[PDB]
C-alpha cells in the first residue's frame, strides 16, 4: 500500500492533492500513475514504487517561487538553482516539500521525482519509467505523442532518448534557457535513437 511509503492512504493523498493542484494537473498525475504502472510491468520495475512516484511527480507544481527559494536555502541546495524557475524547481526542489508533507523518505522514489523533468546522465529504471510516463500518459495530446508511445512500448532507453531530444529541440525552438542537467541526459541517451 502507499502507506508503506507515505503518512496517509492513497485516497487521503488524492484528497490532499485535489486541494493543492488544479483539476487538469491532478488528472495528469493520475494518468502518470497509470502509465508508470504499465511501463514498470514492461521493464521490470516495482509497480508500486512506480505508481506512487508517478502520482506524486507533480505534487509541488504549484508552489510559489518564494517557497522554492526558501527550500533551496533551508536544505542548502545548489545555489545556482536560484537562477532558474518552476520548471527546474518543482521536481529538483519540490521533493523536499513532498518529504515534509508526506513523510516520504524512500530514496528511489525521491530520486525519480527529483529528476522527472531534467533526467540525469545516469538514471535508474525507475527514474526512466517516471520520466517517460510523464510524457506519454493518456491525457497528453501534443503532436508526436503517438511516436513516443510507440517507442515506449519497445524500449525504455529509446523512449528517454526520444523525449529528451524533442525537449531540447523544443526549448531551443522557443528560445528558452536549457538547464544543463538536461544536456547531460541528452548526450548520455541520444545514441539509443540509432
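Positions refer to the first chain, counted from 1.
Taking the PDB entry as given, 43 to 51 carries the higher mean Cα B factor of the two stretches 43 to 51 and 159 to 167. Comparing the deposited coordinates for 112 to 120 and 77 to 85, the stretch with the larger average C-alpha B-factor is 77 to 85. The maximum CA B-factor among the listed residues 151, 133, 126, 141, taken from the PDB record, is found at 141. Per-chain ranking of the deposited C-alpha B factor places residue 104 in the middle third. Annotation for residue 29: C-alpha temperature factor in the middle third relative to the rest of the modelled chain, per the entry. Among all modelled residues in its chain, residue 10 ranks in the middle third by Cα B-factor. When all modelled residues of the chain are sorted by CA temperature factor, residue 92 is found within the middle third. In the PDB entry, a CA B factor belonging to the lowest third of its chain's modelled residues is recorded for residue 178.
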